[PDB]
Amino acid sequence: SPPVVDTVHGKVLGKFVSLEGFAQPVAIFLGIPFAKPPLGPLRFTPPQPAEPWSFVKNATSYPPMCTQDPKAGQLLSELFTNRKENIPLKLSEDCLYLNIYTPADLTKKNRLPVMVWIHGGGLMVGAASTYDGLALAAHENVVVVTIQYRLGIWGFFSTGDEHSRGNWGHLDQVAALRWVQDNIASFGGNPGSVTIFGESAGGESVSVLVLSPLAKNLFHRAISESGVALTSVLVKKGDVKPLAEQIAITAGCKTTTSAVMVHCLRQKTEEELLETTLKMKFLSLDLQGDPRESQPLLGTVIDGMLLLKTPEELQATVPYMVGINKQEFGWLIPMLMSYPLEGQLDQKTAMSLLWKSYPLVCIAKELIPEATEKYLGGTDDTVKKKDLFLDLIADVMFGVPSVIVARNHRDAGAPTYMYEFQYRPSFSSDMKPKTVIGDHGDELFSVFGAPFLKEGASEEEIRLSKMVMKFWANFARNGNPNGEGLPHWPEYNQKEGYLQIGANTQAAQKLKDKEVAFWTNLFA
Amino acid sequence: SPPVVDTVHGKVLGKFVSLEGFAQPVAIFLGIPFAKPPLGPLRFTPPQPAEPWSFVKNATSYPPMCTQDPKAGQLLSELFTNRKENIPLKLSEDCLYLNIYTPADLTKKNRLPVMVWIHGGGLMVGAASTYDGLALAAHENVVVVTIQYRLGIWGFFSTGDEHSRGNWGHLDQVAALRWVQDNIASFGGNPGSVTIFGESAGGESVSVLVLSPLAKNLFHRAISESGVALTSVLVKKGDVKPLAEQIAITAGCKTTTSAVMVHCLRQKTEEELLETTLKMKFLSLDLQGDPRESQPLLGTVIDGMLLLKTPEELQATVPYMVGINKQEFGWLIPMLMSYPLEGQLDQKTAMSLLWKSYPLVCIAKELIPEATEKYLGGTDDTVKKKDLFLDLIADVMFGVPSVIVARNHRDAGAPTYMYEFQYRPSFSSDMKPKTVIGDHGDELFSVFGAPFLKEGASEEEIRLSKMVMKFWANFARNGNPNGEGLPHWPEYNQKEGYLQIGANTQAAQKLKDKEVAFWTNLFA
Amino acid sequence: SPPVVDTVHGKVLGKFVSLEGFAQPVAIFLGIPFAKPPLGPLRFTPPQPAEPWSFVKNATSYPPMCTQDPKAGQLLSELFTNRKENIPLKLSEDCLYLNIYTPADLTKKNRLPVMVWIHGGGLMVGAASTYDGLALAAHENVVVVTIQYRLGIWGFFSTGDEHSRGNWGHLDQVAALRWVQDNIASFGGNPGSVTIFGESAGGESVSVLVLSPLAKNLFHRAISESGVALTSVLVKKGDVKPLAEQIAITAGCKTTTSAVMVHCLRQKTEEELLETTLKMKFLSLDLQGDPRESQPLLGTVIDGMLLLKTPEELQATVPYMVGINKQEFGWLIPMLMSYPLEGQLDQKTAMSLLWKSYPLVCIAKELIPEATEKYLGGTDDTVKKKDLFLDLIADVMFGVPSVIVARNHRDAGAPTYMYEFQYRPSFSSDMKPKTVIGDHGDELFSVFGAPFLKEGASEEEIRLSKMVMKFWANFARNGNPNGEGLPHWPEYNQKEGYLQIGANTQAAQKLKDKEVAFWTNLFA
Ligand SMILES: *[C@@H]1O[C@H](CO)[C@@H](O)[C@H](O)[C@H]1NC(C)=O
Ligand SMILES: *[C@@H]1O[C@H](CO)[C@@H](O)[C@H](O)[C@H]1NC(C)=O
Ligand SMILES: *[C@@H]1O[C@H](CO)[C@@H](O)[C@H](O)[C@H]1NC(C)=O
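About the criteria used
- Residues numbered from 1 in each chain as written, not as in the entry; some residues may be left out.
- Chains lettered and ligands numbered in written order.
- Part of a larger assembly, values for the part shown.
- Heavy atoms only, no water.
- Residues with missing side-chain atoms left out of burial classes, pairs and counts.
- Helix = DSSP H or I, 4+ residues; strand = E, 2+ residues; numbered from the N terminus.
- Rg over C-alpha atoms; globule rule 2.2 N^0.38 Å.
- Contact = heavy atoms within 4.5 Å.
- Nonpolar A, V, L, I, M, F, W, Y, C, P; charged D, E, K, R; others polar.
- Near = heavy atom within 4 Å.
- Polar contact = N/O pair within 3.5 Å; in protein donor to acceptor, adjacent residues only side chain to side chain.
- Areas by Shrake-Rupley, 256 points an atom, 1.4 Å probe, with all protein chains shown as cover.
- Least-squares fit on C-alpha atoms.
- Disulfide = S-S within 2.5 Å.
- Buried < 20%, exposed > 50% of the residue type's maximum accessible area, 1.4 Å probe, protein only.
- UniProt positions renumbered as here; feature names shortened; annotations may be inferred.
- Salt bridge = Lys/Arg side-chain N within 4 Å of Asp/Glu carboxyl O.
- Pairing = 2+ DSSP bridges.
- Axes fitted to C-alpha atoms, helices over the stretch in contact; angles between N-to-C directions.

**Digging into the overall build of chain A**
Piece 1. The helix and strand tally for chain A stands at 17 helices and 18 strands.
Piece 2. By the compact-globule yardstick of 24 Å for 524 residues, chain A fits well, its C-alpha radius of gyration being 22 Å.
Piece 3. Counting only C-alpha atoms and orienting by the principal axes, one finds that chain A spans roughly 65 × 60 × 45 Å.

**Thoughts on the interface of chain A and chain B**
A common way to express how large an interface is: the accessible area buried when the components associate.
Piece 1. Facing 14 residues of chain A, the contacting portion of chain B comprises 12 residues.
Piece 2. Grouping the constituent residues of the side of chain A that touches chain B by class yields seven nonpolar, three polar and four charged.

**Considering the site of ligand 1**
Residues and elements named next belong to chain A.
Piece 1. All residues adjacent to ligand 1 are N58, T60 and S61.
Piece 2. Here an oxygen atom of ligand 1 and a side-chain polar atom of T60 are 3.5 Å apart.
Piece 3. Isolated, ligand 1 exposes 370 Å² of accessible area, and the fraction of that covered by the protein chains is 29%.

**Some remarks on the relation of the copies chain C and chain B**
To go from the first copy of the chain to the second, apply a rotation about an axis and then a shift along the same axis.
Piece 1. For the pair chain C and chain B, the relating rotation is 180°, the translation along its axis is 0.0 Å, and the fit reaches an RMSD of 0.0 Å. The relationship between the two copies is best expressed as a two-fold rotation axis. It is C:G343 whose C-alpha, among those of chain C, lies nearest the rotation axis, at 1.3 Å.
Piece 2. A share of 100% of the interface residues of chain C reappears at the interface of chain B, consistent with the copies meeting face to face through the same patch.

**Some words on the site of ligand 2**
Residue and element names in this part refer to chain B.
Piece 1. In the neighbourhood of ligand 2, the contacting residues comprise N58, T60 and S61.
Piece 2. The separation between an oxygen atom of ligand 2 and a polar side-chain atom of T60 is 3.5 Å.
Piece 3. Look at ligand 2: alone it shows 370 Å² of surface, and the protein chains cover 28% of it.

**A word on the state of the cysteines**
Residues and elements named next belong to chain A.
Piece 1. Enumeration according to the criterion identifies six disulfides over all chains in this entry.
Piece 2. Here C66 connects covalently by a disulfide to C95, the sulfurs 2.0 Å from one another. The sign of the S-S torsion, about 90°, decides the handedness of the disulfide formed by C66 and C95: right-handed. Within this pair, whereas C66 is found in strand β6 (residues 65–66), its partner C95 is found in the loop between β7 (91–92) and β8 (97–102), the two being separated by 29 residues in sequence. There is no split in this pair, since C66 and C95 are both buried.
Piece 3. When the bonded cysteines of chain A are counted from the start of the sequence, the pairing works out to 1-2, 3-4.

**Some remarks on the relation of the copies chain A and chain B**
Piece 1. Of the two same-sequence chains, chain A is brought onto chain B (RMSD 0.0 Å, axial shift 0.0 Å) by a rotation of 120°. The transformation just described matches what one would write down for a three-fold rotation axis. Across chain A, the smallest distance between a C-alpha and the rotation axis is recorded for A:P41, namely 5.5 Å.

**Considering the side chain of B:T67**
All names here are of chain B.
Piece 1. Of note, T67 is situated in the loop between β6 (65–66) and α1 (70–80).
Piece 2. Owing to a relative accessible area of 2%, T67 belongs among the buried residues under this scheme.
Piece 3. A distance of 3.5 Å separates a polar atom in the side chain of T67 from the backbone nitrogen of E93.
Piece 4. In contact with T67, not counting residues within four places along its chain, are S92, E93, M124, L151, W154, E270 and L274.

**Thoughts on the UniProt feature "active site" in chain A**
Residue and element names in this part refer to chain A.
Piece 1. Feature annotation in UniProt places "active site" on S200, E328 and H440, given in this structure's numbering.
Piece 2. Along the chain, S200 falls in the loop between β11 (189–199) and α5 (201–211).
Piece 3. Looking at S200, the relative accessible area reads 14%, which means it is buried.
Piece 4. In this structure, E328 sits in the loop between β15 (320–325) and α10 (332–336).
Piece 5. Since its relative accessible area comes to 2%, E328 is described here as buried.
Piece 6. Each residue touching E328, except ones within four places of it in the same chain, is listed here: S226, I333, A394, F398, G438, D439 and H440.
Piece 7. A polar atom in the side chain of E328 sits 2.6 Å from the side chain of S226.

**Thoughts on the pattern of salt bridges**
Residues and elements named next belong to chain C.
Piece 1. By the definition in use, this model includes 52 salt bridges over all chains.
Piece 2. Salt-bridge contacts for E515 lead to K514; the nearest nitrogen and oxygen are separated by 2.9 Å.
Piece 3. Classification of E515 by relative accessible area gives buried; the value is 14%.
Piece 4. Residue class for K514 comes out exposed when judged on its relative accessible area of 60%.

**Focus: the sheet that holds strand β1 (residues 4–7) of chain C**
Residues and elements named next belong to chain C.
Piece 1. With mixed pairing, three strands are arranged side by side in an open sheet as β1-β2-β5. At either margin of the open sheet sits one strand with a lone partner, and together these are β1 and β5 (57–58).
Piece 2. Pairing between strand β2 (residues 10–13) and β5: two bridges, direction parallel. Directly across from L13, in β5, lies its bridge partner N58.

**What to know about the arrangement of the chains**
Piece 1. There are two pairs of chains in contact here; the most contacts are made by chains B and C.
Piece 2. Here chain A and chain C are not in contact; the least distance found between their C-alpha atoms is 22 Å.

**A few points about the interface of chain C and chain B**
Piece 1. Between chain C and chain B, the residue contacts involve 36 residues of the former and 36 residues of the latter.
Piece 2. Elements represented by at least two residues in the side of chain C that touches chain B include exactly α1 (70–80), α8 (270–280), α11 (347–356) and α14 (382–411) of chain C.
Piece 3. Its residues placed into classes, the side of chain C that touches chain B shows 12 nonpolar, nine polar and 15 charged.

**Notes on the sheet that holds strand β4 (residues 26–33) of chain A**
Residues and elements named next belong to chain A.
Piece 1. Spatial strand order, β3-β4-β8-β10-β9-β11-β12-β15-β16-β17-β18: 11 strands in an open sheet with mixed pairing. The two strands at the open ends of the sheet, each matched to only one other strand, are β3 (15–17) and β18 (506–509). Strand after strand, the sheet turns through a mean of 25° between neighbouring axes, direction not considered.
Piece 2. With five bridges joining them, β11 and strand β12 (residues 221–225) adopt parallel strand pairing. Among the inter-strand pairings, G198 is bridged to a residue of β12, identified as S224.
Piece 3. On top of the sheet, helix α4 (residues 168–183) reaches β4, β8, β9 (112–118), β10 (143–147) and β11; it is set at about 155° to β11, its chief contact.

Right, here's the structure in full:
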C-alpha cells in the first residue's frame, strides 16, 4: 500500500517507484504545497503559509508550472529533462509546490541529507517536475526536493520602492526552505543538513540565498552550477522604474505612481499578463536600435528585504561549490536567444555583435575594440574567431563572475570548491553540432543520473554520472566532496585548485586566472 | 412608540403588532444582521461577525433572500407561507439576516424559551420571511427567530479540499446561533433555552447541527421535520471534485487546480453566478442519459470543520424530536421536480422511473426489480401501484433515515420523540388533488398557526394548530412535549412509541419498522 | 466511388448507404446550405441566398441544429428519432441546412416525387437530422428532404412592426422550398411534385405555408400531422410588443423604441441570447400568478409579408391531409411542460388546472366550470376524470382546430383527407406508461419506417409502417392516398369520412363532430 506521511499541515499520500539495482523502492510525493496560492490580492506580495487540510492530500500528480511562455517552457524542459519522456505540464499562477524523492525507510525515523534543487530558465521559464529525483535519491541515499517559485512578471515585477519591492520568486525559494526545515523529518530527511543546489538562474538563486539574511540557517551547504549573483544579467541595479513603466504601459495601465501600476496589474487576468509578457519579447537578443535600451528579462533586484546591498557591496559562510562548464555559450543559450549566426566571424562583425550583446555583457562601446581584439586577435581563422567570440561572452557571463565569487568566499574563511565540467552528453539535442562540448546545462545529466533513466549512455557516461552524484552527495553530507575511490578534489585555497570533470577527471589550478585579471583591469 | 432594543452591536428599532385574542402586542424586528455581508473576497469563506453601528438601526423591513432562482423561490414561498398574502422579496448576496417575534415585556427582563427556525428549500431556495412568527410567539409565549443562510453555489460550493471546504450555509446557521446566545436576552429570550427547528433541508440542517462540534452548546433541544442528515440526497460523500469542475466550466472558469476554480468564481458577479445556476438545471429530475451522472443540487459535505466524518460513521445529546408526514412524496416534491406522471404505473415503467430516480434514492440497477416488486407486487390496480411507488420514494428519502436517526439517538441515551403527521390543510395549493393527505410541508401550517393568520380554517384545523404549537413549545421549554389537556405522547424508547398527529391524534408504536428492516437488509 | 451532384451553387459530394432488401443503395447528402448563414447583421432579417462555391463541397456530416436549449433539444431528438442511436448535434446560429435522401439513379435523370419534412419542437427546439430519410426513400421510391429553420428568439422575435416583423423561421422554410424548386432535379427529384409534411410545430408550419402567398406554387400537396395554424398556441395575434419588451429587458437592452430593441439584440452574442432564452423559462407551464401573463413560447405572428391576416380571417388549394393522434396530450407534452400531475383529479382541482392552462387553451375564467363539467361530469372515477381532462386539452389544442381547418379546406373546393392515428409504438420511452396509446408523436415511427432501422418491432408494427409510408407516398405522388392492396381511405367530403389508422385500420365518419359543435358554441 502506498506511503502516507504526516506533515505539519496534514497528511500526504505519494507512491513507491523502483529503480533496477535497488531492493528498496523510493517514495515519491508530487505537488506538495509549501505556500498559499499567490492569487488575487496575493499577487506581487511575499508568499503566505499554506492553509492546513483535514484529510489525506493525494501527492501523485505533477503540479502546474508557474505561468511562463508555454512553448519556450516546454522546449527548455525537453532539452534539460533527465527522464525517458518529457512530462507535459499545465500553466498556472497556482504553482508554489515542491516534489520529494525519498529513499528513506518511512517506518523507521531516518535522517538522510537533504538536497533542495532550484531549476534554471532565466527567472522567466522552467519547472521542478522536469527534474526526476529518483536516480540521485536511490544511488546516493539522499532526499531530493525539487522546488518551484514565481517566474517573470509574477516573480520579479518591481517598482523599485515599497509598493512592489520585487524578488517574489526568491522569497518563494526562502519559503520552500522553511517548509523543508519544518517538515522534511517526516520524509526521512535531516533538517539539520540541507544543501541547496541549482543551475544557471537556479545557481544565481543559490548565490542570492547565500548572500541573504532571510535565508540564514535554512541550509548548510550550497552549490552553484553555471550561475552566480555577482555582475549577472539577472541582477538589476540602480533605477528599475523605467522597466516597470514599460510593463504597465504594455498591459494598458497608467503609470502615474508605483501604487497605481501595481494595483492596475493586480486587476489583470493571468492571460492578460501572459499577453503582456509575450509583447515584451523577453529572452531574445534585440537586433534593432540602441543596445542600451534592450531588456532581455526581469530579475533579482536590491529590494531591501531579501538583499540589502548589491552583491559587489556585500562582497567587500557555509561550504560552497561553484562550477562552470567548458563552453557555456557554445549552443543552447545563443540558439534560445536567436543569436544571429554563418558560423564565422571577421573582427568588425564581431564588434557589432558584442555591442549588440550589451544587455548580456555590458561592455561600453569605447571598450568593444579592445575586448574583441583581446579574444580574437591571435588568429586568422574566422571559424575559430567565432569560437573565441563565444568564449568571450561565456567568460563574461559565467567564468569570471564565478571565479570572483569563489575567491571572495575563500577569503572570507569559508570552505570553497570549484569545478569546470567538460563532457558531451549523449542526451544532447540532435540539432546540437558534434564539436560543442560542456555546453550550458551539460552537467545536469550527470548530476541527475540520466544514464540510469534514459537509454543509450556509454560505459564512460554511466561511470561519469555515478562519480558526479557521489561528489555532490558527499558534499551534501560533509561540506567536502572527497571520499574513498574518487579522484582527489582539492579545496579552492590560495593555490586555486579545482576539479576538471568529464572526459578526463583531474585536479588543476587557477581556473580563469588570466581572464579575471583581464576583465577586472578592463572594467575598473 | 415603537420598541427599541440594545444589542451588542448597537440599538435596533422594530414594531408592535397585535393579534386578535391577546392584549399584549408582539414586538417584531425584521432584517437584523448576524454577520458581515459575505461579498467580494468573503464569498466561499466562513461568516465574519457583523460590524457595530453607532445609531439606531431600523429593523422594520424584510431582508433580501439569498440569491437563488427567483421563480422557484417565489413559488416555494407562496406554497409554504402561513401569512394572508405572500411577501415578494428581493434577491441578494447580502442575505445574512434574521427576524425576531417576541411577545416578552421588553421593559421587564423576561426570559422566554427561544425557538430558532431553519427554512427548507433543498439548500437551493427559501427565505426566513416566508414564516411569520406572530401566532406561535403570541399563543405559546416563546421568542420565534427565523434565520437565513447562504444557498446554492454561494452556500455549498466545495472543491473537496482546503481551498473551498464547503458548508458555508451551515456555518451561517452556526453563526446565527452564536448571535442568539449573545443577544437574545435583550429581546426577552432565555439564551439558556434555545430550540432549533426546521423542515426538509431545514430538518437536515438541524440534524447536521446535532452532529457538529461547532454547534455544541449553542442549543438545548432540536426538532427535525421531514429531513435528517443520514443517507440524504443533501449529503455529498466521497469525491466532490467532479461537481466543482462542472460548475467552474459552466461559469467559463479553468479547472487547472482547486484554488484556480475558487479564485475565478470569486471574480464573477452575482448575476453570472445566477446564470451558471440556471444552466446547471438543479432541482429537476434529469430524464436523459445515465442516471448516475444526474446532479439535482449542491449540499452538505464532510468538510472537516463542521462535519468530521459521515453521519453514518459518527452514528457508530440533547432532547430530539424527529418527525415525518404521511405522504412525503405525494405531490409537492414530484410537482417541483417535474417528475414524469398519467397517474398510473405498470411495473416496468415503475422500474425505469426508479432507475431514473437514482440521484434521489440511490438504488443500484441490479436491485431495482426487487425494490419495485416489494412495494408494488401486492396489487393489480396501476393507480394504487402509482401510490405505492410514491410511498417507496418517500420511505427511502424520509421515513427510513428518520427512524434510523431516532433509534441511534435513543440508543445513545438521549430523550427522543417521533411523530407522523397526517392532515390535509385547507391552505394546500388549488392544484393539489384532494386525495393527498400529509404531503411534504403540510405540518408547517399547524406549527406556525396559519389558522390564526389566514381565513377559512375548519374548527378541527384551528384546534389541530393550537395542539401542535403547544406540543412544540412544551418541547422547547422542557425537552418533553407532554402537558395537561394534551393527548399523551410517549417517549421513543425500546417500544418505539410515537404520536400520530392530525385527523385523529393518538399514540402508536413501531413507525416504519418493517420498511427499515427491508431497506437496511437490501442495502447491506 | 461516392455520388457527386452539380447544383446551381456548386458541386456536392455525399454517400451511398444500403438498406437490407433493396439492391440499389440510397444516396445521402448531409448539411447542404440553402441560404447565407444568418449571422451578425443578418439576425432578425429574411434569409439571403447562399453564396456559390468553386470546388466540391463535402455533404457527409450532420449540420448543427439551430440555437435552442441543448438539453430540451437533445431530449426531444431521442424521443422522436427513428434511428438506432441518437446523433448528438452541435448548436449554432449557422443552421440553415437541409439533408437529402434520394433513391434515384443519379446517372439517369429520374424524377421522383419529393417529400419535404418540417420538424416539430414548438418553434423553440428540434433538428432535421433527428429524422433519417433512408427507409421512406428506399421503400416508397421518393426523395426525402429534411429541412431546418431558425428557432426561438432567432426565429420568431417580433416587435409587431416593420423593424422586426417576425416569422424569420417560416421565411427560412419558404427559402428551403425555393432551393428545392431550383435544385432538386439534380438529385433525381421532380420539382413539379413537392409535398410538404410536418408534425406539431412542423404541422402548424405546413398550415401557415398553405395560407401564405409567399409559398404559392412552391409545393403541390401538404400534410399536417398533429398541428395546424388556426387558434394555435403557436400563433400570436393582437399586440406582440409586450413580449418583445420582456425579451429585450431580460437581455439587458432598453425598450425605448422597436428599432432600439432590435439593434441592441443584434449586438448580443449567441451565448447571451441563449442565456436570455434560459431566463424566460419557455416550454414550462407557469404555476404562479395570473395565467394570462404566462408566456410559454415565441411563435408565428401576422407579419404582413408571410401572413396578411389571421388564419380565421383568411378562412372566411392543393390536396391537403390533416391528421391527429388518439391521445395528443396523453404523456409526451404534459411531461415536457412539467404539468403538475398524482394521476387523479377531482373537479375543483381540474378547474384550477384548466385555468392555469390558459396559455395552452385560452378558456376564460367564467367559462372554466362549464368546460370542465362538460368533459368530466359523466363519471365518478377521478382516474378517468384525469383521462377526460387530458382529452379536453388535446381537443382544444389539436382535435377541434384540425377538423375546423379540414372542413374549411373541403368547402373551398380542394381535396381533403383526415386521419386519427391510434397505436402504441414499441419505440416509446420506457417512462411512458402502458395505457397511453397514440400519444403526440406516435405516428412518426410509422411515417419514417423506424421498424426498418431500429430493433424489436412486432409483425403488426412492421406492416403498420409499410402501409403508412405507402399512403403518405401515394398522397405525395397523386394527391390521393389510395392504391391497390390498401384499406380504402375516403375523401373528407360532406360525409366527413376519415381513416382510423393503427391497431385496426378502417374508414369512419365525423371525426370530433360533437367536440367541434361544443367548443365553437362555447367560444362564440
Ligand atoms: C490519487 O489521485 C490519482 C490521480 O493522479 C488517482 O489515480 C488515485 O486514485 C488517487 N488515490 C486515492 C487514494 O484516492
Ligand atoms: C424606518 O424605515 C421605514 C421603512 O420601512 C420607515 O417607514 C420609517 O419611517 C423608519 N423609521 C424611523 C424611526 O426612521
Ligand atoms: C469529407 O469529410 C469527411 C468528414 O465527415 C471525411 O471523412 C472525408 O475524407 C471527406 N471526403 C473528401 C472526399 O474529402
